[PDB]
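First structure 1, then structure 2: two forms of the same chain, each alone, as structure tokens.
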Structure 1
């Protein structure tokens, strides 16, 4: 996964304005080290500061001082929080006046289509989430520019911008297969009867591997295409 989220790490740091802001000293939060675990771009940006008065904190919003930070980053965190609204309220609380929230969330990605295609090789017209069904399983709305803009503005953010950014990369079959099998076990309970699972669950790995080897060569690459929403907002 991390080859693609690393591309979005540069986008999110650039869109936030942190490298060029007049707010000094920089007091930054990287939620759950979501950027730092996949990219050095933010850490390296701070290292390049002439000042040396800046601070970066990595910690988790999902359980910080009031009015403290100049920048809060949430890289692909809002769709996974237990309580996305509570987390957003916390972002507003811990930002200083003039502080910027920058977040990335998923709007589209191609791994659900590829999995669906593999599954419609099984006999039985078996059900599988569509791309929108899958996104909406947790914290629905964070794939919608209009939803996000209103959620941020309700809480007092202004100059709110929500921009879709497509990125494309490629991943080896073996790695793409393993990402799939982290997701499959989580879905089938929600979309198949126990009758359908006992009947077909055990063969999913083989057909998936078979479809993947079928389609993208034997040691080939699988494309990873996505659209992420890049959200920025100002706390007045």
Structure 2
């Protein structure tokens, strides 16, 4: 369980990628046909809010926005936002991304902003996206790749004698093989028939307090070091890693007790032929 697998550190960040996801989808580009859009797992409607502010009035006269989610509590909040912000031709309703009950070939755009990693069956949800998309429809999703926490841990390991092996941020990711992977997403989309698939990484800056950053690292090294250090290296150093890291973190970030850190989301786009 990494930092991006913890709701504590990602809940506050998902809103930062809503505008990004809308821009990459291309939805704001003028098109001939009317827009029929599904904000799948819309939550508090982060994407829907952006859509309504980004789209000009002419495209909104003829479009239909559906905000789907399985939580009534979040739909209650989203319908009040729909009202306050003056969304046009927008609706809220219960929609199971696993089993949407929505028509075949009906939507020009399906948005899934940080949903696939929450679904108990992401493959079922992806096939539903494909089914309900019309010809020429666009699937646009955002998912978590990682926090760039390896270089900080690495800087601490570097201070121990023995020039000890340790993965780069990339190598640790390949230990991990799902929607946090560009190659995996491209393959899963292309299998179902999506074309022109693009998976782009997008970084945003966040920070984690020293105390919590340390605790998470300590939950991970029991798995990570045995894979990279030999028995002899572990016997000499492994027990010292905790105090080394805590010392590094205090020396480096003790002034304000916060670890600056980059969060990377993957923006995915694909076209139903």
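Residue numbers count along the first chain shown, from 1. Only the largest set of C-alpha atoms that superpose within 1.5 Å between the two forms is called the rigid core.
Student: Might you check 119, 95, 74, 152 and identify the only one whose CA position changes by 2 Å or more between structures 1 and 2 on rigid-core superposition?
Tutor: Per the superposition, the moving residue is 119.
Student: How about residue 25 - superposed on the rigid core, does its CA move between structures 1 and 2 by 2 Å or more?
Tutor: Moves: no, less than 2 Å.
Student: When you overlay the rigid core, is the Cα of residue 212 off by 2 Å or more between structures 1 and 2?
Tutor: Yes; residue 212 is a residue whose C-alpha shifts (by 2 Å or more) between structures 1 and 2 when the cores are overlaid.
Student: Does residue 161 move its CA by 2 angstroms or more between structures 1 and 2 when the core is aligned?
Tutor: Superposed on the core, residue 161 moves its C-alpha less than 2 Å between structures 1 and 2.
Student: Give the rigid core superposed Cα shift of residue 42 between structures 1 and 2, in Å, rounded to one decimal.
Tutor: C-alpha displacement of residue 42 between structures 1 and 2: 1.3 Å.
Student: What is the magnitude, in angstrom, of the C-alpha shift at residue 57 between structures 1 and 2 when the rigid core serves as the superposition reference?
Tutor: After core superposition, the C-alpha of residue 57 moves 0.5 Å between structures 1 and 2.
Student: Would you mind giving the Cα movement of residue 222 between structures 1 and 2 in Å, after fitting on the rigid core?
Tutor: With the cores aligned, its C-alpha sits 7.0 Å away.
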